[PDB]
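Here you'll find one protein chain in two forms, each presented separately as structure tokens under the names structure 1 and structure 2.
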Structure 1
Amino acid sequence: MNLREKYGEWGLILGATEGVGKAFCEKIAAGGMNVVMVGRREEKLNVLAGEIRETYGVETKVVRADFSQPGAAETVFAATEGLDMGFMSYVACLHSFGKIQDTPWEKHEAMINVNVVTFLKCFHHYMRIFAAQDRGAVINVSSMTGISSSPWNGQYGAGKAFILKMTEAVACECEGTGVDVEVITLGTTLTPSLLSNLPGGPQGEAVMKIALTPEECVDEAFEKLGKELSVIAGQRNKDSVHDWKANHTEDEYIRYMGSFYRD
């Protein structure tokens, strides 16, 4: 759970405001890092930043940026220049319900920006930094849809797959070096986004009981940092992926993922 001496003074949470991003901010601060917190809700980030400073006694820097827009990465670069950087996590995602043809191009472009372009610009920039000082850590967040595909939300699984395989490559590249990289692939996790799908009564409560908390996802990711390259958070999600991979065709998995919308 220690980060500051091993990796660096400051860690950067790209999509920090709530949910998994907030859990990352608390976790790195508990590990001795000062926190650069990036997100769209500047006021909410300021409130979080104050809680982090109070609870953990580290410094904070709030950066307002929207990863769906061109130049979001470059704004973050400017805001961190001069800091001793030790950690990055790409947490934000964007998805949008619809068949490929039913989603407008401007929405497709936004998803390319959040899940691919902003992602990679950040990953490249901070890897240049970490690799050059031979110390640093990256934990990027992927999704089980990056493994399964996401019918009726296609670009979501696509962009999370890009994150997954780019981070797996880099993780293997960093073994034996002072930089430690990992991708952690989430399933259902108790963030506001998730909670938005849940009807009030037992129809929602049943899901609460099988979802993971953001804290446990983050704790597992740090436990395995530097030892495992590609981790699926929670035993149940790991086992599920293995079962699909070992015992089913690719098409069986894909058709199963379409269950809500077809038969």
Structure 2
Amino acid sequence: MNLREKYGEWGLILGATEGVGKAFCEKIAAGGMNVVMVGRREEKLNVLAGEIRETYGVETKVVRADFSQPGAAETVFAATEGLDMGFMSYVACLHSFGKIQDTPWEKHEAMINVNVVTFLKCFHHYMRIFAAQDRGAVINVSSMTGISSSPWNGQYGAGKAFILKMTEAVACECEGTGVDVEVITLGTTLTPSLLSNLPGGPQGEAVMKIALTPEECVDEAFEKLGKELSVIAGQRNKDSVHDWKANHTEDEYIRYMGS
């Protein structure tokens, strides 16, 4: 049985053009689902949509929305109305370097909108649909910064922790229903974002000993969907988190991040 048969006709990827987003689109398309792909870069989404259609033979719908902006979620809801929905993933994230006081309120609000408000509007709306039909799946993406905290980029971890804890709660609520919910928590992931800050050196190599590909993250999330509630992607990351939790104080972990 494939994802279309198990969960429903269309899957919604919220933040579809970067690495992990793109890999979600490809995975659900390979699983037979038609793909609603959402993000701010419409041209890039259109290219990806054509690639998905040509590679997988599924239908696509491209929705331009900026998740930092008011009305983004409503744009999405209008785009999916009348579709048989089987899947949602919230992938988008916004962070911004700076101490709390050095980041202007407008940017803080943008981050709240991406990581908290648009996130929850979408999660709530599609959970209503999935719960009413007693059928569907959600995999939301968090970050190890949601566990460690993120000094000098405080809202990264704060927002990702909101996503983590909200999704953990809902994952538990859905046990023994027809809706399967999971949060997958990512560490350092191989993106063009990353590679373009790795211009050379053995230190460039040292990052790949602990970087996962977007595909391996998505593969692990789907392997555990409906079995585990809260997953840390990759073995090394699981063990690293466990060693921080078990053998160090909270302060040591925070301070390590801030060092």
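Only residues modelled in both forms are compared. Along the sequence of structure 1, residues get numbers from 1 upward. In this text, the rigid core denotes the largest set of C-alpha atoms whose superposition between the two forms falls within 1.5 Å.
The residue among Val58, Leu194, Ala65, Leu229 whose Cα moves by 2 angstroms or more between structure 1 and structure 2, once the core is superposed, is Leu194. Superposition on the rigid core between structure 1 and structure 2 places the CA atom of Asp219 less than 2 Å from its counterpart. With the core held fixed, the Cα of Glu42 is displaced between structure 1 and structure 2 by less than 2 Å. Taking the core as the reference frame, the CA atom of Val207 shifts 1.8 angstrom between structure 1 and structure 2. Per-residue C-alpha deviation between structure 1 and structure 2, core superposed: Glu18, 2.1 Å. In sequence order, 192-206, 208-210 are the runs of at least 3 residues present in both forms whose Cα atoms shift by 2 Å or more between structure 1 and structure 2 once the core is superposed.
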